[PDB]
Amino acid sequence: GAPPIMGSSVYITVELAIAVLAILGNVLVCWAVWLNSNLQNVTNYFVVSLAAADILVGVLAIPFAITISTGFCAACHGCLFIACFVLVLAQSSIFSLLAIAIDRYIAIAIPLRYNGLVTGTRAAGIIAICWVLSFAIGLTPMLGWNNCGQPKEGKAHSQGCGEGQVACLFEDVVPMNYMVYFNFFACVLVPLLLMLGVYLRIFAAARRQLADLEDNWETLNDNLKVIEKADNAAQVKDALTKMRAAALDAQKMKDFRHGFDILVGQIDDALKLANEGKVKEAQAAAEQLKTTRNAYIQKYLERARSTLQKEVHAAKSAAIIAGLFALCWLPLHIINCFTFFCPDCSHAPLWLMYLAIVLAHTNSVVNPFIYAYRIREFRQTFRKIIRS
Ligand SMILES: CC(C)CCC[C@@H](C)[C@H]1CC[C@H]2[C@@H]3CC=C4C[C@@H](O)CC[C@]4(C)[C@H]3CC[C@]12C
Ligand SMILES: CC(C)CCC[C@@H](C)[C@H]1CC[C@H]2[C@@H]3CC=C4C[C@@H](O)CC[C@]4(C)[C@H]3CC[C@]12C
Ligand SMILES: CC(C)CCC[C@@H](C)[C@H]1CC[C@H]2[C@@H]3CC=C4C[C@@H](O)CC[C@]4(C)[C@H]3CC[C@]12C
Ligand SMILES: CCCCCCCC/C=C\CCCCCCCC(=O)OC[C@H](O)CO
Ligand SMILES: Nc1nc(NCCc2ccc(O)cc2)nc2nc(-c3ccco3)nn12
Ligand SMILES: CCCCCCCC/C=C\CCCCCCCC(=O)O
Ligand code: NA
């Protein structure tokens, strides 16, 4: 039985190193958004709420974790707060992560209404509500779902605790049914699975929209060929009718409108000549469409594909963030499930408990790195900030 201060010393030093790094990186995120108007958008207001939660892991939840690892004598309700505050911060992260995912789904599914529907003012109201809800969920044990009514009095007396105090230890005061059913299943795993569903819808929508862009391009070009080797006016007509419909369809910014105006106009010219039974004149007219395609429609296609690919890249960055939160927190939640559902199983050993706790805390360090590696406007703003 090694002096407890030695293992304690390692755990505490590591927690402190994590806290420094969580503060530094996430302050840098907040400073970048504050300084750069190109980063000031609704998506990034949720990014900042998430960075604030991670700053608070460093300033408060890690000092609290260090404290409760000592098992110091405390009033049971003050102990609860120490124990549970980190659950407020985690819940808030889950809400910011779910908000980010929904925001990106709206942006790809209804880009036309996104700006009128998702506003900064509404985003700030939603962030305030989510913080209130996170306090309610994470401090639910302080509302009575706790083990304070059943204190471990032999353990309190061995440590010399005073009357009404307990040894302040996480699994002595926080019920494991709360941790597994309420906190993990309902409040963590359900949201994370919802996030997964949303990201699946974002990526399927992008892939549908890119395939439609290419279809339309291919349709335009096939129908041109159809026209070229048509032999009677009626065939030219049918293929122009399909082109016209697709054109007004693809229509759904001045240099872009002028291109589709030319396009539809030239189709109409050709249709009219076809309807008068002037096949050669119609085919020649239709050939002019090639100039418009080269000088306008291709540029349209290329910019639309590029916007979509940017949205896909951005949605992957956001999903990496959500996936890393799951990876860092799931080991602890899974251990709790073993403790709870398998009372015939030996408790996970202390070294693994503390490993799982610091892994969860490390999540508060990783997001600024994902932003720097994957989002140029962040990377570049971090550079300017650091260089200055
Ligand atoms: C705004 C920020 C900086 C304020 C942080 C205040 C924190 C540190 C305060 C607020 C509530 C406090 C707890 C309230 C009650 C008790 C019970 C007592 O037997 C041991 C201390 C303990 C467990 C306190 C520890 C310190 C505590 C957690
Ligand atoms: C990649 C992430 C999401 C998955 C991590 C899975 C981890 C947490 C799993 C894999 C194997 C598991 C261990 C398997 C066996 C035991 C022995 C039992 O008496 C206590 C629990 C304990 C010690 C488990 C704790 C949780 C555990 C370490
Ligand atoms: C990973 C994502 C998809 C979902 C989360 C999976 C969780 C809920 C699963 C994965 C492994 C599971 C554990 C595997 C083994 C046992 C031992 C058994 O005696 C009690 C249930 C218990 C402790 C399971 C509880 C639930 C569990 C922890
Ligand atoms: C805005 C930034 C401000 C920074 C804020 C600092 C963070 C708080 C640090 C530690 C709190 C945890 C320490 C609680 C320790 C309690 C120790 C104690 O109470 O010992 C009594 C003994 O057990 C007999 O009752
Ligand atoms: N199970 C658990 N324990 C602890 N700390 C106590 C570790 C321990 C466990 C058993 C023991 O006899 C002595 C120490 N912190 C904890 N934090 C969490 C947590 C936060 C979010 C999900 O789980 N679970 N959790
Ligand atoms: C930026 C400001 C952040 C301030 C962080 C302060 C650092 C405090 C570190 C941990 C405090 C742990 C106290 C240990 C509990 C007492 C042990 C006992 O009574 O037996
Ligand atoms: Na977080």
# chains A, B, ... in the order shown; residues from 1 in each chain; ligands from 1
$ residues_near_ligand --ligand "ligand 3" --cutoff "6 Å" --atoms "only C-alpha atoms and all ligand atoms" --output "list in words"
residues 334, 337, 338, 341 and 342 of chain A
$ write_last_selection --atoms "N, CA, C and O atoms" --output "PDB file, in the first residue's frame"
ATOM      1  N   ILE A 334     -19.160   4.227 -19.344  1.00  0.00           N
ATOM      2  CA  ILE A 334     -19.171   2.779 -19.452  1.00  0.00           C
ATOM      3  C   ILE A 334     -18.721   2.112 -18.148  1.00  0.00           C
ATOM      4  O   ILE A 334     -19.301   1.103 -17.721  1.00  0.00           O
ATOM      5  N   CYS A 337     -21.532   2.107 -15.853  1.00  0.00           N
ATOM      6  CA  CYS A 337     -22.452   1.039 -16.198  1.00  0.00           C
ATOM      7  C   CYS A 337     -22.033  -0.311 -15.621  1.00  0.00           C
ATOM      8  O   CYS A 337     -22.894  -1.082 -15.181  1.00  0.00           O
ATOM      9  N   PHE A 338     -20.746  -0.657 -15.686  1.00  0.00           N
ATOM     10  CA  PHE A 338     -20.248  -1.883 -15.022  1.00  0.00           C
ATOM     11  C   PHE A 338     -20.476  -1.862 -13.508  1.00  0.00           C
ATOM     12  O   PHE A 338     -20.916  -2.871 -12.903  1.00  0.00           O
ATOM     13  N   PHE A 341     -24.566  -2.085 -13.144  1.00  0.00           N
ATOM     14  CA  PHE A 341     -25.269  -3.234 -13.651  1.00  0.00           C
ATOM     15  C   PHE A 341     -24.603  -4.544 -13.260  1.00  0.00           C
ATOM     16  O   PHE A 341     -25.238  -5.586 -13.351  1.00  0.00           O
ATOM     17  N   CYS A 342     -23.354  -4.522 -12.829  1.00  0.00           N
ATOM     18  CA  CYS A 342     -22.618  -5.751 -12.490  1.00  0.00           C
ATOM     19  C   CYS A 342     -22.041  -5.679 -11.086  1.00  0.00           C
ATOM     20  O   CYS A 342     -20.821  -5.644 -10.908  1.00  0.00           O
TER      21      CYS A 342
END
$ closest_atom_pairs --of "chain A" --to "ligand 7" --cutoff "6 Å" --atoms "only C-alpha atoms and all ligand atoms" --output "tab-separated table"
residue	atom	partner	partner_atom_place_in_ligand_line	distance
A:50	CA	ligand 7	1 (Na)	5.9
A:53	CA	ligand 7	1 (Na)	5.8
A:54	CA	ligand 7	1 (Na)	4.9
A:90	CA	ligand 7	1 (Na)	5.6
A:93	CA	ligand 7	1 (Na)	4.7
A:364	CA	ligand 7	1 (Na)	5.2
$ closest_atom_pairs --of "chain A" --to "ligand 6" --cutoff "12 Å" --atoms "only C-alpha atoms and all ligand atoms" --output "JSON lines"
{"residue": "A:5", "atom": "CA", "partner": "ligand 6", "partner_atom_place_in_ligand_line": "20 (O)", "distance": 11.2}
{"residue": "A:8", "atom": "CA", "partner": "ligand 6", "partner_atom_place_in_ligand_line": "14 (C)", "distance": 11.0}
{"residue": "A:9", "atom": "CA", "partner": "ligand 6", "partner_atom_place_in_ligand_line": "10 (C)", "distance": 11.7}
{"residue": "A:11", "atom": "CA", "partner": "ligand 6", "partner_atom_place_in_ligand_line": "10 (C)", "distance": 11.7}
{"residue": "A:12", "atom": "CA", "partner": "ligand 6", "partner_atom_place_in_ligand_line": "10 (C)", "distance": 8.2}
{"residue": "A:13", "atom": "CA", "partner": "ligand 6", "partner_atom_place_in_ligand_line": "9 (C)", "distance": 9.9}
{"residue": "A:14", "atom": "CA", "partner": "ligand 6", "partner_atom_place_in_ligand_line": "9 (C)", "distance": 11.9}
{"residue": "A:15", "atom": "CA", "partner": "ligand 6", "partner_atom_place_in_ligand_line": "9 (C)", "distance": 9.4}
{"residue": "A:16", "atom": "CA", "partner": "ligand 6", "partner_atom_place_in_ligand_line": "9 (C)", "distance": 7.8}
{"residue": "A:17", "atom": "CA", "partner": "ligand 6", "partner_atom_place_in_ligand_line": "7 (C)", "distance": 11.4}
{"residue": "A:19", "atom": "CA", "partner": "ligand 6", "partner_atom_place_in_ligand_line": "3 (C)", "distance": 8.8}
{"residue": "A:20", "atom": "CA", "partner": "ligand 6", "partner_atom_place_in_ligand_line": "1 (C)", "distance": 8.7}
{"residue": "A:21", "atom": "CA", "partner": "ligand 6", "partner_atom_place_in_ligand_line": "1 (C)", "distance": 11.8}
{"residue": "A:22", "atom": "CA", "partner": "ligand 6", "partner_atom_place_in_ligand_line": "1 (C)", "distance": 11.3}
{"residue": "A:23", "atom": "CA", "partner": "ligand 6", "partner_atom_place_in_ligand_line": "1 (C)", "distance": 8.4}
{"residue": "A:24", "atom": "CA", "partner": "ligand 6", "partner_atom_place_in_ligand_line": "1 (C)", "distance": 10.6}
{"residue": "A:27", "atom": "CA", "partner": "ligand 6", "partner_atom_place_in_ligand_line": "1 (C)", "distance": 11.9}
{"residue": "A:55", "atom": "CA", "partner": "ligand 6", "partner_atom_place_in_ligand_line": "1 (C)", "distance": 9.5}
{"residue": "A:56", "atom": "CA", "partner": "ligand 6", "partner_atom_place_in_ligand_line": "3 (C)", "distance": 9.3}
{"residue": "A:57", "atom": "CA", "partner": "ligand 6", "partner_atom_place_in_ligand_line": "3 (C)", "distance": 10.2}
{"residue": "A:58", "atom": "CA", "partner": "ligand 6", "partner_atom_place_in_ligand_line": "3 (C)", "distance": 7.5}
{"residue": "A:59", "atom": "CA", "partner": "ligand 6", "partner_atom_place_in_ligand_line": "3 (C)", "distance": 4.5}
{"residue": "A:60", "atom": "CA", "partner": "ligand 6", "partner_atom_place_in_ligand_line": "3 (C)", "distance": 6.9}
{"residue": "A:61", "atom": "CA", "partner": "ligand 6", "partner_atom_place_in_ligand_line": "5 (C)", "distance": 9.7}
{"residue": "A:62", "atom": "CA", "partner": "ligand 6", "partner_atom_place_in_ligand_line": "10 (C)", "distance": 7.6}
{"residue": "A:63", "atom": "CA", "partner": "ligand 6", "partner_atom_place_in_ligand_line": "10 (C)", "distance": 4.2}
{"residue": "A:64", "atom": "CA", "partner": "ligand 6", "partner_atom_place_in_ligand_line": "12 (C)", "distance": 6.7}
{"residue": "A:65", "atom": "CA", "partner": "ligand 6", "partner_atom_place_in_ligand_line": "12 (C)", "distance": 8.1}
{"residue": "A:66", "atom": "CA", "partner": "ligand 6", "partner_atom_place_in_ligand_line": "12 (C)", "distance": 5.4}
{"residue": "A:67", "atom": "CA", "partner": "ligand 6", "partner_atom_place_in_ligand_line": "15 (C)", "distance": 4.1}
{"residue": "A:68", "atom": "CA", "partner": "ligand 6", "partner_atom_place_in_ligand_line": "15 (C)", "distance": 7.1}
{"residue": "A:69", "atom": "CA", "partner": "ligand 6", "partner_atom_place_in_ligand_line": "15 (C)", "distance": 8.2}
{"residue": "A:70", "atom": "CA", "partner": "ligand 6", "partner_atom_place_in_ligand_line": "20 (O)", "distance": 5.6}
{"residue": "A:71", "atom": "CA", "partner": "ligand 6", "partner_atom_place_in_ligand_line": "20 (O)", "distance": 6.8}
{"residue": "A:72", "atom": "CA", "partner": "ligand 6", "partner_atom_place_in_ligand_line": "20 (O)", "distance": 4.4}
{"residue": "A:73", "atom": "CA", "partner": "ligand 6", "partner_atom_place_in_ligand_line": "19 (O)", "distance": 7.0}
{"residue": "A:74", "atom": "CA", "partner": "ligand 6", "partner_atom_place_in_ligand_line": "19 (O)", "distance": 8.9}
{"residue": "A:79", "atom": "CA", "partner": "ligand 6", "partner_atom_place_in_ligand_line": "15 (C)", "distance": 11.4}
{"residue": "A:82", "atom": "CA", "partner": "ligand 6", "partner_atom_place_in_ligand_line": "12 (C)", "distance": 10.8}
{"residue": "A:159", "atom": "CA", "partner": "ligand 6", "partner_atom_place_in_ligand_line": "20 (O)", "distance": 9.8}
{"residue": "A:160", "atom": "CA", "partner": "ligand 6", "partner_atom_place_in_ligand_line": "20 (O)", "distance": 11.3}
{"residue": "A:161", "atom": "CA", "partner": "ligand 6", "partner_atom_place_in_ligand_line": "20 (O)", "distance": 10.9}
{"residue": "A:167", "atom": "CA", "partner": "ligand 6", "partner_atom_place_in_ligand_line": "20 (O)", "distance": 9.6}
{"residue": "A:168", "atom": "CA", "partner": "ligand 6", "partner_atom_place_in_ligand_line": "20 (O)", "distance": 9.6}
{"residue": "A:169", "atom": "CA", "partner": "ligand 6", "partner_atom_place_in_ligand_line": "20 (O)", "distance": 11.6}
$ select_by_dssp --residues "stretch 117-270 of chain A" --states "alpha helix (DSSP H)" --output "PyMOL selection string"
chain A and resi 117+120-138+153-158+170-173+176-177+190-228+233-251+254-270
$ residues_around --residues "stretch 178-195 of chain A" --least-positions-apart "4" --cutoff "8 Å" --atoms "only C-alpha atoms" --output "PyMOL selection string"
chain A and resi 91+94+97-98+101+137-138+141+145+174+199+322+326+333+336-337+340
$ write_last_selection --atoms "N, CA, C and O atoms" --output "mmCIF file, in the first residue's frame"
data_model
loop_
_atom_site.group_PDB
_atom_site.id
_atom_site.type_symbol
_atom_site.label_atom_id
_atom_site.label_comp_id
_atom_site.auth_asym_id
_atom_site.auth_seq_id
_atom_site.Cartn_x
_atom_site.Cartn_y
_atom_site.Cartn_z
ATOM 1 N N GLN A 91 -23.112 18.825 -19.799
ATOM 2 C CA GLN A 91 -24.443 18.929 -20.402
ATOM 3 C C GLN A 91 -24.536 20.120 -21.324
ATOM 4 O O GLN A 91 -25.194 20.078 -22.388
ATOM 5 N N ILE A 94 -22.952 19.214 -24.533
ATOM 6 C CA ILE A 94 -23.852 18.414 -25.342
ATOM 7 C C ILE A 94 -24.852 19.312 -26.057
ATOM 8 O O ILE A 94 -25.110 19.142 -27.253
ATOM 9 N N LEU A 97 -23.115 21.222 -28.845
ATOM 10 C CA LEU A 97 -22.794 20.320 -29.936
ATOM 11 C C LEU A 97 -24.046 19.974 -30.735
ATOM 12 O O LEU A 97 -24.024 19.927 -31.979
ATOM 13 N N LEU A 98 -25.147 19.731 -30.047
ATOM 14 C CA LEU A 98 -26.385 19.473 -30.772
ATOM 15 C C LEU A 98 -26.826 20.712 -31.549
ATOM 16 O O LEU A 98 -27.252 20.615 -32.699
ATOM 17 N N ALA A 101 -24.855 21.073 -34.763
ATOM 18 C CA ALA A 101 -25.238 20.100 -35.788
ATOM 19 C C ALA A 101 -26.522 20.519 -36.476
ATOM 20 O O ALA A 101 -26.625 20.493 -37.708
ATOM 21 N N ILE A 137 -30.189 19.892 -15.031
ATOM 22 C CA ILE A 137 -29.864 18.473 -15.222
ATOM 23 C C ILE A 137 -28.671 18.065 -14.339
ATOM 24 O O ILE A 137 -28.697 17.042 -13.637
ATOM 25 N N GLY A 138 -27.579 18.843 -14.400
ATOM 26 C CA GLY A 138 -26.355 18.428 -13.711
ATOM 27 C C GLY A 138 -26.427 18.555 -12.199
ATOM 28 O O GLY A 138 -25.818 17.762 -11.494
ATOM 29 N N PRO A 141 -29.076 15.985 -8.569
ATOM 30 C CA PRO A 141 -28.854 15.368 -7.255
ATOM 31 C C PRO A 141 -29.014 16.329 -6.091
ATOM 32 O O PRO A 141 -29.461 15.883 -5.017
ATOM 33 N N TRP A 145 -32.057 13.711 -5.301
ATOM 34 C CA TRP A 145 -31.658 12.419 -5.852
ATOM 35 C C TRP A 145 -30.190 12.202 -5.518
ATOM 36 O O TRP A 145 -29.308 12.355 -6.369
ATOM 37 N N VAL A 174 -23.188 10.611 -5.010
ATOM 38 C CA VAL A 174 -23.943 10.708 -6.259
ATOM 39 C C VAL A 174 -24.517 9.325 -6.567
ATOM 40 O O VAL A 174 -23.741 8.376 -6.718
ATOM 41 N N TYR A 199 -26.108 14.493 -38.418
ATOM 42 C CA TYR A 199 -24.950 14.455 -39.317
ATOM 43 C C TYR A 199 -25.189 13.517 -40.495
ATOM 44 O O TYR A 199 -24.841 13.851 -41.638
ATOM 45 N N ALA A 322 -17.807 16.556 -32.114
ATOM 46 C CA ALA A 322 -18.796 15.766 -31.365
ATOM 47 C C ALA A 322 -18.300 14.331 -31.124
ATOM 48 O O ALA A 322 -18.497 13.779 -30.033
ATOM 49 N N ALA A 326 -17.600 12.271 -27.455
ATOM 50 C CA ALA A 326 -18.061 10.923 -27.149
ATOM 51 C C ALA A 326 -16.901 10.008 -26.761
ATOM 52 O O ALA A 326 -16.975 9.278 -25.774
ATOM 53 N N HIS A 333 -18.447 6.776 -18.495
ATOM 54 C CA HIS A 333 -19.849 6.368 -18.460
ATOM 55 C C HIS A 333 -19.989 4.870 -18.527
ATOM 56 O O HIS A 333 -20.839 4.288 -17.849
ATOM 57 N N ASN A 336 -19.127 3.357 -15.198
ATOM 58 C CA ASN A 336 -20.256 3.495 -14.298
ATOM 59 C C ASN A 336 -21.299 2.427 -14.566
ATOM 60 O O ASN A 336 -21.883 1.863 -13.616
ATOM 61 N N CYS A 337 -21.532 2.107 -15.853
ATOM 62 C CA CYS A 337 -22.452 1.039 -16.198
ATOM 63 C C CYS A 337 -22.033 -0.311 -15.621
ATOM 64 O O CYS A 337 -22.894 -1.082 -15.181
ATOM 65 N N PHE A 340 -22.675 -0.344 -11.845
ATOM 66 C CA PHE A 340 -24.096 -0.338 -11.534
ATOM 67 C C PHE A 340 -24.746 -1.655 -11.901
ATOM 68 O O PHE A 340 -25.438 -2.268 -11.083
#
$ residues_near_ligand --ligand "ligand 5" --cutoff "6 Å" --atoms "only C-alpha atoms and all ligand atoms" --output "ChimeraX atom specification"
/A:170-171,332-333,336,350,353
$ closest_residue --among "A:290, A:237, A:242, A:303" --to "residue A:277" --atoms "only C-alpha atoms"
A:237
$ residues_near_ligand --ligand "ligand 2" --cutoff "8 Å" --atoms "only C-alpha atoms and all ligand atoms" --output "PyMOL selection string"
chain A and resi 326-335+338-339+344-349+352+356
$ select_by_dssp --residues "stretch 34-281 of chain A" --states "strand (DSSP E or B)" --output "list in words"
residues 73, 74, 75, 165, 166 and 167 of chain A
$ closest_residue --among "A:361, A:118, A:205, A:300" --to "residue A:257" --atoms "only C-alpha atoms"
A:300
$ closest_residue --among "A:6, A:42, A:152, A:163" --to "ligand 1" --atoms "only C-alpha atoms and all ligand atoms"
A:163
$ closest_residue --among "A:278, A:77, A:122, A:229" --to "residue A:142" --atoms "only C-alpha atoms"
A:77
$ decode --residues "stretch 191-204 of chain A" --atoms "N, CA and C atoms" --output "PDB file, in the first residue's frame"
ATOM      1  N   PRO A 191     -28.890  12.427 -26.729  1.00  0.00           N
ATOM      2  CA  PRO A 191     -28.407  13.543 -27.553  1.00  0.00           C
ATOM      3  C   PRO A 191     -27.318  13.160 -28.524  1.00  0.00           C
ATOM      4  N   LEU A 192     -26.364  12.317 -28.110  1.00  0.00           N
ATOM      5  CA  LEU A 192     -25.291  12.004 -29.031  1.00  0.00           C
ATOM      6  C   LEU A 192     -25.817  11.202 -30.215  1.00  0.00           C
ATOM      7  N   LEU A 193     -26.809  10.333 -29.996  1.00  0.00           N
ATOM      8  CA  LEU A 193     -27.391   9.557 -31.080  1.00  0.00           C
ATOM      9  C   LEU A 193     -28.240  10.448 -31.985  1.00  0.00           C
ATOM     10  N   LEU A 194     -28.873  11.466 -31.411  1.00  0.00           N
ATOM     11  CA  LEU A 194     -29.573  12.453 -32.221  1.00  0.00           C
ATOM     12  C   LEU A 194     -28.604  13.208 -33.127  1.00  0.00           C
ATOM     13  N   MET A 195     -27.457  13.626 -32.573  1.00  0.00           N
ATOM     14  CA  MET A 195     -26.392  14.255 -33.334  1.00  0.00           C
ATOM     15  C   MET A 195     -25.961  13.394 -34.494  1.00  0.00           C
ATOM     16  N   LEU A 196     -25.761  12.106 -34.230  1.00  0.00           N
ATOM     17  CA  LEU A 196     -25.407  11.179 -35.279  1.00  0.00           C
ATOM     18  C   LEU A 196     -26.475  11.199 -36.371  1.00  0.00           C
ATOM     19  N   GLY A 197     -27.749  11.197 -35.980  1.00  0.00           N
ATOM     20  CA  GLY A 197     -28.812  11.237 -36.975  1.00  0.00           C
ATOM     21  C   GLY A 197     -28.770  12.497 -37.815  1.00  0.00           C
ATOM     22  N   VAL A 198     -28.551  13.627 -37.175  1.00  0.00           N
ATOM     23  CA  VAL A 198     -28.481  14.890 -37.898  1.00  0.00           C
ATOM     24  C   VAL A 198     -27.302  14.897 -38.878  1.00  0.00           C
ATOM     25  N   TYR A 199     -26.108  14.493 -38.418  1.00  0.00           N
ATOM     26  CA  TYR A 199     -24.950  14.455 -39.317  1.00  0.00           C
ATOM     27  C   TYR A 199     -25.189  13.517 -40.495  1.00  0.00           C
ATOM     28  N   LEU A 200     -25.859  12.399 -40.262  1.00  0.00           N
ATOM     29  CA  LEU A 200     -26.211  11.511 -41.365  1.00  0.00           C
ATOM     30  C   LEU A 200     -27.112  12.222 -42.373  1.00  0.00           C
ATOM     31  N   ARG A 201     -28.022  13.063 -41.879  1.00  0.00           N
ATOM     32  CA  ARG A 201     -28.903  13.823 -42.754  1.00  0.00           C
ATOM     33  C   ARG A 201     -28.137  14.941 -43.461  1.00  0.00           C
ATOM     34  N   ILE A 202     -27.174  15.556 -42.789  1.00  0.00           N
ATOM     35  CA  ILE A 202     -26.376  16.576 -43.469  1.00  0.00           C
ATOM     36  C   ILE A 202     -25.606  15.974 -44.633  1.00  0.00           C
ATOM     37  N   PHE A 203     -24.962  14.830 -44.413  1.00  0.00           N
ATOM     38  CA  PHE A 203     -24.102  14.285 -45.457  1.00  0.00           C
ATOM     39  C   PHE A 203     -24.914  13.689 -46.598  1.00  0.00           C
ATOM     40  N   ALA A 204     -26.047  13.066 -46.287  1.00  0.00           N
ATOM     41  CA  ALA A 204     -26.941  12.585 -47.326  1.00  0.00           C
ATOM     42  C   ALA A 204     -27.534  13.749 -48.115  1.00  0.00           C
TER      43      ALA A 204
END
